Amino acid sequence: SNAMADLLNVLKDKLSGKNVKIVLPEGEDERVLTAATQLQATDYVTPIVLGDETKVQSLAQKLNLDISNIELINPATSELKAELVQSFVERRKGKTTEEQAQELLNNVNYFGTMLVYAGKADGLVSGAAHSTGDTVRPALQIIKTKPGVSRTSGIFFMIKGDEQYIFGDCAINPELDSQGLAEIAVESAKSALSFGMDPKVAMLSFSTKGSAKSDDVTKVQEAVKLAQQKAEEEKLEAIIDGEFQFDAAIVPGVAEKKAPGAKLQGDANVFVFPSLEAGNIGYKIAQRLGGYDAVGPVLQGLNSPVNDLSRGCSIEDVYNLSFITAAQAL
């Protein structure tokens, strides 16, 4: 099996001919620039690279890359800047002056975020470069969360051989109550659909179907009710159930004994952790002790997708995250 290639093949079938454009603000980053050349040579994702044109071209030359067919935009000299300034001023509802917007939009991450907001591109991948802060920051200001969603959350694809799961929230929210967990469950189901999965979402705990009693157990039980309510409202093509211990969620024989007649019978493929402590630890255990590759974090909940690279990313990481982001944009 080749789990990463198999995930990409599902995303490619969705993306083929859709012409999705992903902004890569960090054109002076070697990994990003090289990944842009690779994406350009597919049909699925069109990279829009930002930076100083002379510096980016010099870096390409150093790297022995032909970037002549890549769209490369320097914010300060772009014919689009004027419209993006005006839109950013309108979006900010008077919180930013025209002069401030003219200044801010010279920043590659702000400019890139505005390309997405203005419909000139579909999503954005950044974070490889030290000068990029949190990729998500301008996105929160400009793009915002989707109607009905309070906050972003972070998911990972956990992949090994022929197995592919989604785990979340593993990165973002350190304090979660029932409403927050239910939000994560619904967003994760939607993300799983974007990625071509048939979502079966287990809300995890140390209890299975009332086997323990505590405030944290009640929290997850109430989250299941709210998530099911939100899903059914929207006729989401997903099953959401809980509370389950991890084995009851993923082992049919355990489910049969501990959760008889539940909607899930040990066949979950999306796992919602009851806290960030649990999720961060749990994906790291699956990664190291299970030998699963952890692809992410992938952000969900925004009106348009943006995702954040590690400073230590590889070229392949940029390529893969660009595909994931492009799939999210559909």
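The numbering used is simple: start at 1 and walk along the sequence shown.
**Student:** If you average the CA temperature factors over each stretch, which comes out higher, 178 to 186 or 80 to 88?
**Tutor:** That would be 80 to 88.
**Student:** Please compare 292 to 300 with 41 to 49 and say which has the higher mean C-alpha temperature factor in the record.
**Tutor:** Mean C-alpha B-factor is greater for 41 to 49.
**Student:** From the list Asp122, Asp241, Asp247, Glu99, select the residue with the highest C-alpha B factor recorded in the entry.
**Tutor:** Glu99 has the highest C-alpha B-factor of those listed.
**Student:** Sorting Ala202, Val217, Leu193, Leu105 by Cα temperature factor from the record, which one lands on top?
**Tutor:** It is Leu105.
**Student:** Comparing against every modelled residue in the chain, figure out the third that the C-alpha B-factor of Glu222 lands in (lowest, middle or highest).
**Tutor:** Within its chain, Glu222 is a middle-third residue by C-alpha B-factor, going by the deposited values.
**Student:** Please rank the C-alpha B-factors of the chain's modelled residues and tell me whether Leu330 sits in the lowest, middle or highest third.
**Tutor:** Within its chain, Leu330 is a highest-third residue by C-alpha B-factor, going by the deposited values.
**Student:** Based on the deposited C-alpha B factors for this chain, I'd like to know if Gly94 is in the lowest, middle or highest third.
**Tutor:** As the PDB entry reports it, the C-alpha B-factor of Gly94 lands in the highest third of its chain.
**Student:** Please rank the C-alpha B-factors of the chain's modelled residues and tell me whether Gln164 sits in the lowest, middle or highest third.
**Tutor:** CA B-factor rank for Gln164: middle third.
**Student:** Please rank the C-alpha B-factors of the chain's modelled residues and tell me whether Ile324 sits in the lowest, middle or highest third.
**Tutor:** For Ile324, whose C-alpha B-factor we compare with every modelled residue in the chain, the answer is the lowest third.
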